[PDB]
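Written out below as structure tokens is the structure these notes cover.
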Amino acid sequence: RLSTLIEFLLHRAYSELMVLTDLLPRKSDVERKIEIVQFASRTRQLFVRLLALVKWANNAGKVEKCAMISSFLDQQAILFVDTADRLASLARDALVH
Amino acid sequence: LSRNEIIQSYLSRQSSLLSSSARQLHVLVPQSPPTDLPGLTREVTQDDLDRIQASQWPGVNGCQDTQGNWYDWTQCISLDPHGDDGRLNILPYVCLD
Amino acid sequence: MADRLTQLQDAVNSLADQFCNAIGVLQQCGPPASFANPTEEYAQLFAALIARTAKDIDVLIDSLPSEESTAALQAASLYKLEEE
Amino acid sequence: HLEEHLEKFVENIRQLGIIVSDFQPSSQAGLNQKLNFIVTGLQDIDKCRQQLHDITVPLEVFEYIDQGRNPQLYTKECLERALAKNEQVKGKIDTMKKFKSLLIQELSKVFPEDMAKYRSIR
Amino acid sequence: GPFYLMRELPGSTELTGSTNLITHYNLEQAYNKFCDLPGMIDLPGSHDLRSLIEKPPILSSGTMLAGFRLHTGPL
């Protein structure tokens, strides 16, 4: 899923840069430098959060195993409650009649 | 169903024990190979009817006991199968009127 | 009502109810783990109650009538009682 | 892997570009924008490399990144919830063990011969 | 003799929830390690609105031409 997010991030970055380059000659150049460094801050934040993602990409498989563990233990808890539930449905419904 | 709490669990305890309840148990009765219509097949006689009317027959006319006390079907038996103060009270088997 | 038989029926139903209550208590509530004391007290009390119910059911079973007094012994006694 | 170092060089070039365009540079500073466009092209090559890599990531990573922490904290929390569920389940099974032991003790008290035959059969 | 409807109990210790699931699942050393990357990445860069828009795009999911059309003056 990170490939799709990487492509979409690169696309949105290139498109916003295209809009910035289109307004670059249009904008007043002195304040346009300020708008350029604001856009550079935008791109730096996008890229550093992608850097955090590709850092965590080593730690992805352990979280996959943790999700497996959590699903398994939730299943066994539902087994305990289902056993108690079916015993209650025995003791209060079928034996009374 | 969702939650059981000290007071509610103790309510369950007293309700279940008041529904349910040195040995003082009934004298054990063995298996009976002579039964009158199917097993032994006695042609209708007279000793059996006189025993069922007048004498003590511990499988037919009553429930006998340790400490000797005889109880026929219309009486209620007080016993203590545990080593506690709580007494089992077998209700009468017939309850005439 | 008010028979040894209805007492035995209610005792057997109380046994089934104590089964469902014992599992539903001792699975829903417990101390977490280590790789509480009220729960241990609950377990002891539930085990004692189940044992007492079993003993009571056994005593009531001993109390009812035997497999002597078949229906023909009842019927012939009924006939003699009609004559007398 | 390589996408990390490529995007890191891209981010450092973006920072140097912001520094240079922050300055009143009389010389050519269009090289900064050209290097930014070339970094976008190399990021497209890295997107081809991400089609090669095929990483699947849950959303709570994105959200904890939005909170600005480490995603290592999310790893710690997933590990902690795994141990929490394992602790709870082992505890429930341990109480069932103690309850079975108590029940066979009390039934062996009240019914000797039957629990004797049960301990024989197991 | 035999009680009514006795049967065979399952295999003595199969997979349960009473085992140590993590040590069986080879995840022990990661936990023993583990028990900001904004700060660990600000080891590389300066610091860590439109970054809210970065996170919102995260929650939502011609280079020579740009350099040629990037005409803007210095002062």
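Here, A, B, ... name the chains of the structure tokens in the order displayed, residue numbers run from 1 inside each chain, and ligands are numbered from 1 in the same displayed order.
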Chain A contacts on chain C, only C-alpha atoms, 8 Å, as an MDAnalysis selection string: chainID C and resid 13 16:17 19:21 23:24 27:28
With only C-alpha atoms counted and 12 Å as the cut-off, give the residues of chain D in contact with chain B, each with its shortest interatomic distance in Å and the pair that gives it, as CSV.
```
residue,atom,partner,partner_atom,distance
D:109,CA,B:82,CA,10.8
D:110,CA,B:82,CA,8.6
D:111,CA,B:82,CA,11.8
```
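Shell of residue 5 in chain B at 12 Å, with only C-alpha atoms counted and residues fewer than 2 places along the chain excluded, is residues 1, 2, 3, 7, 8, 9, 10, 11, 12 and 13 of chain B; 25, 28, 29, 38, 39 and 42 of chain C.
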With a cut-off of 6 Å and counting only C-alpha atoms, select all residues of chain A in contact with chain E and give the selection as a PyMOL selection string. chain A and resi 5+21+25+42+45-46
Write a file of the just-selected residues containing C-alpha atoms, as an mmCIF file, in the first residue's frame.
```cif
data_model
loop_
_atom_site.group_PDB
_atom_site.id
_atom_site.type_symbol
_atom_site.label_atom_id
_atom_site.label_comp_id
_atom_site.auth_asym_id
_atom_site.auth_seq_id
_atom_site.Cartn_x
_atom_site.Cartn_y
_atom_site.Cartn_z
ATOM 1 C CA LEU A 5 0.979 6.379 -1.319
ATOM 2 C CA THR A 21 6.224 27.374 -11.114
ATOM 3 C CA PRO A 25 6.699 34.601 -12.725
ATOM 4 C CA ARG A 42 5.712 21.589 2.615
ATOM 5 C CA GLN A 45 7.504 17.664 5.670
ATOM 6 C CA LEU A 46 6.024 15.309 3.056
#
```
Expressed in Å, the length from CA of residue 60 in chain C to CA of residue 90 in chain B is 7.0 Å
Residues of chain D within 10 Å of chain C: nearest atom pair and distance (Å, one decimal) for each, counting only C-alpha atoms, sorted by chain and number, as a tab-separated table?
```
residue	atom	partner	partner_atom	distance
D:83	CA	C:35	CA	9.9
D:84	CA	C:32	CA	8.3
D:85	CA	C:32	CA	9.2
D:86	CA	C:33	CA	8.6
D:87	CA	C:33	CA	4.9
D:88	CA	C:32	CA	4.8
D:89	CA	C:32	CA	8.0
D:90	CA	C:33	CA	6.6
D:91	CA	C:33	CA	5.0
D:92	CA	C:27	CA	5.4
D:93	CA	C:27	CA	7.9
D:94	CA	C:33	CA	8.7
D:95	CA	C:26	CA	6.6
D:96	CA	C:26	CA	6.8
D:98	CA	C:43	CA	7.9
D:99	CA	C:43	CA	5.7
D:100	CA	C:47	CA	8.5
D:101	CA	C:47	CA	9.4
D:102	CA	C:47	CA	6.4
D:103	CA	C:47	CA	5.0
D:104	CA	C:47	CA	8.7
D:105	CA	C:47	CA	9.0
D:106	CA	C:51	CA	6.4
D:107	CA	C:51	CA	5.8
D:108	CA	C:51	CA	9.4
D:109	CA	C:51	CA	9.0
D:110	CA	C:51	CA	7.1
D:111	CA	C:55	CA	8.1
```
From a DSSP calculation on the backbone, collect every residue of chain D in alpha helix (DSSP H) and output the set as an NGL selection string. :D and (2-22 or 30-53 or 59-66 or 72-110 or 112-121)
Residue list (strand (DSSP E), DSSP) for chain B, as a PyMOL selection string: chain B and resi 62-63+71-72+77-79+88-90
